[PDB]
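The chain below stands alone, shown as structure tokens; this is the form deposited in one PDB entry.
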């Protein structure tokens, strides 16, 4: 009997439910905690579509008193409502896995239940190393004054520069600065950490965390990745356009679930897509007259472009043989999915941990990103730079060779060898 509690956003719910599908395939009784009302429609649509495919799971409504960052505040202030709900739960609980963003409000609740509690870090293991090493950084407070690099002993990245550090972590009066210094020291009071990653992309980061060379006192981390896409996530004009395209010729473009860019940069993106000369599938989120008539015509005249304003199935598009590239913000959910389908990534990091995640795939030899593009809103990337980066990555056949090997290691990390199978079964015996 396992208890799950994800945070808000599709970036947190998609990996959590993929973990539940793995636990259910290992024959578990999963009790999913659902903080209602849920934020986005795509979340509650993914829920009932997941609940329908698995009627055996026990959904537990977490009712909060009276958006993504707003539900953040109501849960951590009302986390004491869960320990009466989880104590009178039959069958008796055997474990509890929640999101890392909720490690502080749920640790007292988890310790009071007396069950082995864990966290599911939805980002990379390398970012988890930066998250764990951050309290050590702030105490040697030549920071952020003289700090030029962040050298974590033995991680998969060579050296994390100052440019790749999340900007709010360099400001002393920010939320994430306080959140990092408050959440990270509580990792030691845990039984373990699940991370959606496998040995084929973060071998050195996984071994450095378990080897005790990142920070002293960490619990064992478990690479239960890759979280392969499931069928309950699928809710058909897009697939019919990709079918009539040469394989490995479509450029998939997506920046996650929010895409909070500006109207200035969006014009250059679409302009850069047509200046590259490759057929593309652009996915944009508004939350409209931005596209140029000279570009809208060329998108239709050249028979190359697709632009959509809808929650597409990224797994099908990455799984389609026509898609050979991926312009990604390098959200770890998109990265692991891109690794599973062997689609080389063009890195365009925007906020937070996306510069570090982009270097993880860059060191792996199956991804290329430009340090000079910087964070979102810092400057304007011209369409020529975007057209050149796409031309550079698409012409680069060395990436698909490494991307293929990353696909092989991904398919090998779920089955007989399977660091996921090893980690999951190692957790089952502990939960006895």
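Here the rigid core means the biggest group of C-alpha atoms that line up within 1.5 Å when the two forms are laid on top of each other. Positions refer to the first chain, counted from 1.
There is also a form deposited in another entry; it is not shown, and the following applies to it.
Next item on the list: Select from 188, 309, 301, 162 the only position whose Cα moves 2 Å or more between this form and the one not shown when the core is aligned.
Entry: Of all the options, the C-alpha that shifts by at least 2 Å belongs to 301.
Note to self: Aligned on the rigid core, do the two forms place the Cα of residue 334 2 Å or more apart, comparing between this form and the one not shown?
What the structure shows: Comparing the forms between this form and the one not shown, which are aligned on their rigid core, residue 334 does not shift its C-alpha by 2 Å or more.
Check: Does residue 144 count as moved between this form and the one not shown, where moved means a C-alpha shift of 2 angstroms or more after fitting the rigid core?
Finding: True for residue 144: a C-alpha shift of 2 Å or more.
Margin query: After superposing the rigid core, is the C-alpha displacement of residue 79 2 Å or more between this form and the one not shown?
Written below: Comparing the forms between this form and the one not shown, which are aligned on their rigid core, residue 79 does shift its C-alpha by 2 Å or more.
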